[PDB]
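Quick setup: one chain, the form deposited in one PDB entry, written in structure tokens, and binding and motion questions come after.
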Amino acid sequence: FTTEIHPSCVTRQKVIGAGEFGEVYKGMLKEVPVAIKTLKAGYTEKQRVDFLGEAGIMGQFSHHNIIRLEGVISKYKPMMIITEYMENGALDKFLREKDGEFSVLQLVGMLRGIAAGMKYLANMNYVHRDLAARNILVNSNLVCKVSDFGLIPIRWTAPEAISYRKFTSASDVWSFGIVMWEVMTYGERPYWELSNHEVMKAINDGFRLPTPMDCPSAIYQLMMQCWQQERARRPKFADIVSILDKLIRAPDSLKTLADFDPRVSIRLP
């Protein structure tokens, strides 16, 4: 499912990150901008299998809300995975740098796109395992594209996946609930300064993240149901996409806001 790109058509420019056994670059493809993940010499057999395997599944995906593979360099060294370049970068940093700049409808549209990509991934029989705003890319139309840059994300991970390594679409739904909270808070840290062990204890004791400020009641209800302890009680991604699409198409439904519990009280006359 992957197109082979000749190395002379690819120019690496700046390093933008690191991979398992290589760097990640911004570059140009003959010139459309691209992101480039390389596998550097001395890579192991396992690393090659993982690297080309990643390319293989990526080339299979054709969806508006999944990062698009442009091609691969497998016949030459260094080997490369080349994707579209998303100019606004990762969602979490994007929202932290643009705090309060979007409408409720725009934010819920982001979540609908993320949910649509996850519905596709799950129905293609893939589990993400690390769904978080840091793994979602934003383009110049505000379209969110599910991605995976590699890593322990305790705060995003469902209880059963932490406790006995059961990673499924349903534990991805838990993570999606956390991503909903990330988006509606413009990138706040889930559970703030609580330690990983304190987060697990609070969840086991039934506590859950409070409502964001200015959050539609419907949206908080949906993220709450993503965090049900009983995995079978969580919505499927099809349910999430359906609800988000109904709220967006009847946008007055988003004007009713969940109560925000103040953490500070200002007494003035």
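Take the two forms, superpose them, and find the largest set of C-alpha atoms that agree within 1.5 Å; that set is the rigid core. We number the residues from 1 along the sequence you see.
Below, we turn to the form deposited in another entry, even though it does not appear here.
Core-aligned CA deviation for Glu230 between this form and the one not shown: less than 2 Å.
With the core held fixed between this form and the one not shown, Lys77 has its Cα displaced by at least 2 Å. Compared with the form shown here, the Cα atoms of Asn139 and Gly22 move at least 3 Å closer together in the other form. Between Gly19 and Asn139, the Cα distance is smaller in the other form than in this structure, by no less than 3 angstroms.
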